[PDB]
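Asks: Let me begin by handing over the structure; questions about it come next.
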Amino acid sequence: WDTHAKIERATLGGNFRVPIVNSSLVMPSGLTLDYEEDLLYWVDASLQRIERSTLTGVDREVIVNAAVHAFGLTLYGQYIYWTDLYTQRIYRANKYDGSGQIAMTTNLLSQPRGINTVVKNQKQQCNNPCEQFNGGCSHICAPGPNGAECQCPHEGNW
Amino acid sequence: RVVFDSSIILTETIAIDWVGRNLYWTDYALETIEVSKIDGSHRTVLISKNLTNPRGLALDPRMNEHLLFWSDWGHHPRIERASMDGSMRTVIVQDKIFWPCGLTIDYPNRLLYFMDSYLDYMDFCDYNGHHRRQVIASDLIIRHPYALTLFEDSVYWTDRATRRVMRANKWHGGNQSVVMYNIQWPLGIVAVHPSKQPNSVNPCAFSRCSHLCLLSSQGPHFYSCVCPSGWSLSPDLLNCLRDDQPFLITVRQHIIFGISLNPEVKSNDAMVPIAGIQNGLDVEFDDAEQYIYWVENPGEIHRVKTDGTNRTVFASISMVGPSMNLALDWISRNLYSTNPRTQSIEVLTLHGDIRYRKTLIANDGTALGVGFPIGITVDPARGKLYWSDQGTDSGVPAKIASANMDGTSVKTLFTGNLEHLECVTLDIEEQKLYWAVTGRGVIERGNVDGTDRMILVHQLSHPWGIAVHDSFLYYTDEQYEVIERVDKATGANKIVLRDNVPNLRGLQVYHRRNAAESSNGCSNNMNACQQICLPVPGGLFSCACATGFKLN
Amino acid sequence: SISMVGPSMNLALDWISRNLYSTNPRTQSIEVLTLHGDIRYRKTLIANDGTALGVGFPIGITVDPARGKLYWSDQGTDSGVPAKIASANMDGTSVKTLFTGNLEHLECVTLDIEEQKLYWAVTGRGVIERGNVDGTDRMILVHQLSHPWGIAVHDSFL
Amino acid sequence: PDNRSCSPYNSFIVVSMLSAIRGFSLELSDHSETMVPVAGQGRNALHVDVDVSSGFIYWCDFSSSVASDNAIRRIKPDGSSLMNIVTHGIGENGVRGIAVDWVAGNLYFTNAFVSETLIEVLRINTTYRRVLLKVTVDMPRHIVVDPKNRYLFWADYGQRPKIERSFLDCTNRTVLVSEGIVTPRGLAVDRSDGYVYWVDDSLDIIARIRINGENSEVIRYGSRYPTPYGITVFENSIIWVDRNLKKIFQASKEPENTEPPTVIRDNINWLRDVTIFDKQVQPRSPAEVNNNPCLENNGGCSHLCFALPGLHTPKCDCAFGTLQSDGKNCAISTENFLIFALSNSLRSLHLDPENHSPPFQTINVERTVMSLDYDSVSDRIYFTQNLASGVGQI
Ligand SMILES: *[C@@H]1O[C@H](CO)[C@@H](O[C@@H]2O[C@H](CO)[C@@H](O[C@@H]3O[C@H](CO)[C@@H](O)[C@H](O)[C@@H]3O)[C@H](O)[C@H]2NC(C)=O)[C@H](O)[C@H]1NC(C)=O
Ligand SMILES: *[C@@H]1O[C@H](CO)[C@@H](O)[C@H](O)[C@H]1NC(C)=O
Ligand SMILES: *[C@@H]1O[C@H](CO)[C@@H](O)[C@H](O)[C@H]1NC(C)=O
Ligand SMILES: *[C@@H]1O[C@H](CO)[C@@H](O)[C@H](O)[C@H]1NC(C)=O
Ligand SMILES: *[C@@H]1O[C@H](CO)[C@@H](O)[C@H](O)[C@H]1NC(C)=O
């Protein structure tokens, strides 16, 4: 949320802190990831728009153009769900384009802050390299890309 | 410059018939679609029935269509089409409509575009409504659209909620754009371009219509003549002759209407209805000049002709002073008024240019004065003035008193059982007085000599206005919200002229003054008095002088 | 208090049966309250039942505990109840209109038990009239008054 | 009858004029107040319904200015036990109708928002509360319940006004009256004869219609009856309040009668609604209610019991979660759903818009929470409750 807001991406161990998107972003919020399609979705309250992008950030499409203080966001199935601070309700739209912008709930009494999906069903399962003897780590282990990535306590110098 | 001198209010939309050189508009206050020439010569209610909240208008004056469209967002919202003469009224679209705020026409394609401010869509359909397509739907771009515009392949609509005019494609709404960002109230929008108005042959250019010519979908002439309010079309169908039948001048709060005395006609267009008034209480009419006098706050009297022309402030409190109720002497050209602040009865001279007003009867402390006059009526021929007073606790009792029209020889005709006494009217033909007692909820009757007091009508909640014409007694009850007619002899045959009319008030029948009995002392001796002439019983005229001056 | 007993405007106390008769301004009705005992019981005796024998706007109320008669003055209402000096039994039954007419701005009414006569003040006429408890012998006792408010009769004096 | 003893009133009409709720005896010669009037600050009683068996009088308060005044309350006739039944979730337009199912102990009310209306049901003396219906085009405002016939009638005076009949769970919606009705301000059900009376102040008409459509006849009409605002049917008479006339009339309920109405009270201002408080109009014997399954133990349902016509078994619903295979117990939904964090609570929403029952009951949390993450393994939802501006907490 600092000046020139960036979508900073790295591994679970933070190996390569590369900002995916840094232009045309004021107050990013509600980051969501299209696991099935490998896409990055987010909203910006100041921009009042919902945009999607590739994991690298080459592509950038504004899924939803009209919104009122859209703050939260989540994705599931072929639909994308977000919350508005102004109207105080949860909407829904098609993740591909956003054609079916309807209201999922009435005018909630307070402002809905964050919306998430409870995947009771199988989530993004992936064999954990950290399972085997903490992934060859004497300390904390973070399963990043291409094998485990060991982590160390921040309190001590390691 | 302003097209209409009269204050036509709540004109939600305006549509211009360039082919016919006519102006169409919808009056929300009157809930009617009114049409007039572009200058404003003859304004006429085109559609009145089955119309509650007409917002959004459209015209297709091209020779092959001559059609009219409007959208109503009241009870059972719909979009209707009728020929520009007012005939052939059909409801083209009545489904999936909640608040049809906007409406426009694409003349080349023959598609009419409309929007809903509640369902938040922008659809278009053919003239018959058979083929319907959605341009923008289930989109947060449209939140509270009001007006629409269509230049070429671009649709521009104004949203009151977002305070920004927006543009997109007129077939799929993809190229969304923001023409303007911050508008306090965008409301209507019009695309000014000659292509928007296709030129066509005007049949009305060579018509023989006397007052108004309007394009009609019906052939072979494809036009029809229209009559202004209060006029009747001759069978020749090209000349309109003025109607002369009397009608009830029903006065309500914020509006005054003209209701035809025939109960069959349910159209409130016996005259051009006055609008924009504040707390209208009573009304008087000048038959000879076709004027209508009414009093609105603060204590000020306005006049307008029966055709909605020359609406001015006849007399102000600055020059004339406050006035509440009126009673016009059509013979001697004197307007008798009741002063609320001073609690007195006055007279104002209509004749001449200078307005002279004097106080005739004032509260002198005796029981024969005026305590709190509510209704006043006059008989110019006999030179008698009759008024109703609610009385005061100072000693003046609630009474129906009488006096000569010069303020002399007062007497108490009737008294007792006059609680909450309302306005009193006089039947000149029978010399009987009709007054409404709210406290008893009755309409009583008595002679002008204080004899033969009878209860004409029973079981009323809050009767307000009384008018007697021919053999019928017309009265209005505020709580019942009804205008009812009974026989003035016995009050038996009750007929409901209007019902569910909120904020009813007093009324007077707009009858033709008896030309035979049209002479008194002042009429026979005009210019005898320097400032004010007042008729007195016996054909004798008594000169009086205005406030601040004394008779020599 | 209004919390337990409810609103009351004018009073008339029965010193024999320990009952306090009141006039309710909000409900436009005549009530009675039990002074005797610890618990306060109040009931509405006469209410505006739509007939001309109800209570429209009672201003003054007086009681005669010995004869079991209740006399009150009502300014009436535009609904149909006329300005009257009515009478009833002290249980709220057998109402009747003793006097009517010329009672504009009718003020409080007092009862002279010794002579069984009613004294009331009519502000509108500016007089203090007198009549019997049986609706007979109505006479004007005092003339030329501006706004007479209270009336009390003791011994031979008014 | 002994002329010495005192007993509480058992049969009277409760009028609901906006300032205060007062009761009157049906006997015209009796002028006593049949209940302790309910008045006070912020009293705006739109409608009143009564539960005779439990001896309670419900009403819906509405106040545009103050949100805390909008509530559904109840009190006994002696004015002793006052408790706010419903205070949270009330829309911007407030509760616009109350129907009390004395047989099943379910309170139906029409929550009204700016642009939508919810026909909710609450099981009395519990916390279960379910939104039976969520509608936008229609505007159900006043609602009345007929447990004996297992029907639920409401009135709509919005665009396309109508009177609708539905099952006790609002499923089989049918339009009883769609024409000749403009502003059905007030609705009542004749329990004995299976008629649905209503008053329309816009058309100045008092009419009735049998529950299964069919006969539709006008009881009263004309220039009189300018604004009937609320009606109730007792024995062979209808009691209705007229706002303009300030009177509580009473007339024979059967049509074609011409006798003038009897006036119970006069000069009362701001009349809104009237209902009858009598044991006759709310029978509870099993034979009287056509063997309503929800009569006993809430029909065995854990959350909510609804008696549908024909189905002798008590259909059970869930205020939250889903109904299990047993048909009488509710557990957490096993399908994927949304979780969203409101300022003071964490809630859940099904993916299907039609299903309104939350996957799990709302959990109230600290002053402010700004994110949600759920760990199925441990069946817990992480949330960053920001207790104060500076006091953050996971
Ligand atoms: C919700 O809880 C309230 C309070 O407990 C219940 O009110 C109670 O209802 C019962 C049954 O109607 C009442 O019993 C009755 O008492 C009267 C005398 O007061 C008696 O004549 C009857 O035969 C019967 O025994 C009880 O008094 C009443 N108590 C209060 C405080 O009102 C209400 O019924 C409960 N409702 C539900 C949905 O469970
Ligand atoms: C993490 O914390 C747990 C509990 O204190 C401890 O058993 C464990 O060794 C720590 N480190 C790792 C690598 O899990
Ligand atoms: C208005 O509606 C009534 C009732 O449907 C109908 O009889 C009448 O013909 C309609 N008039 C117009 C002008 O549509
Ligand atoms: C307008 O919309 C069309 C159809 O979606 C699209 O092909 C075109 O690129 C858009 N152009 C603009 C200016 O957005
Ligand atoms: C539901 O309503 C329809 C009429 O709309 C009716 O035919 C049907 O029988 C009802 N439900 C039942 C009881 O099957």
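Numbering, chain D: per Swiss-Prot, residues 2053-2446 in sequence.
So how was this one determined? The header says electron microscopy, 3.3 Å.
Yeah, the Cβs are placed from backbone N, Cα and C, and that goes for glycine too.
These came from Swiss-Prot, pasted as-is:
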- D:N2055: N-linked glycosylation site (CARBOHYD)
- D:2107-2156: repeat 'LDL-receptor class B 19' (REPEAT)
- D:2157-2201: repeat 'LDL-receptor class B 20' (REPEAT)
- D:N2177: N-linked glycosylation site (CARBOHYD)
- D:2202-2245: repeat 'LDL-receptor class B 21' (REPEAT)
- D:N2224: N-linked glycosylation site (CARBOHYD)
- D:2246-2289: repeat 'LDL-receptor class B 22' (REPEAT)
Asks: I'd like to know which of the glycosylation sites D:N2055, D:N2177, D:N2224 has the most other Cβ atoms within 10 Å of its Cβ.
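Replies: The largest 10 Å Cβ neighbour count belongs to D:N2224.
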Asks: Looking only at DSSP and grouping its letters into three states, which state does D:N2055 (N-linked glycosylation site) belong to?
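Replies: For D:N2055 (N-linked glycosylation site) - judged by DSSP and reduced to three states - the answer is coil.
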Asks: Tell me which glycosylation sites (D:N2055, D:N2177, D:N2224) have a Cβ under 6 A from ligand 5; sequence order is fine.
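Replies: Correct list: D:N2224.
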Asks: In angstrom units, rounded to an integer, how far apart are the Cα atoms of D:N2224 (N-linked glycosylation site) and D:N2055 (N-linked glycosylation site)?
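Replies: Checking the Cα atoms of D:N2224 (N-linked glycosylation site) and D:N2055 (N-linked glycosylation site) gives a distance of 52 Å.
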Asks: Rounded to the nearest angstrom, how far is the Cα of D:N2177 (N-linked glycosylation site) from the Cα of D:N2055 (N-linked glycosylation site)?
Replies: 38
Asks: Tally the residues of the repeat 'LDL-receptor class B 22' (D:2246-2289) by DSSP class, grouping H, G and I as helix, E and B as strand, and everything else as coil.
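Replies: In the repeat 'LDL-receptor class B 22' (D:2246-2289), the DSSP-based counts are 0 helix, 29 strand, 15 coil.
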Asks: If you run the three-state DSSP split on D:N2224 (N-linked glycosylation site), which class comes out?
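Replies: The three-state answer is coil.
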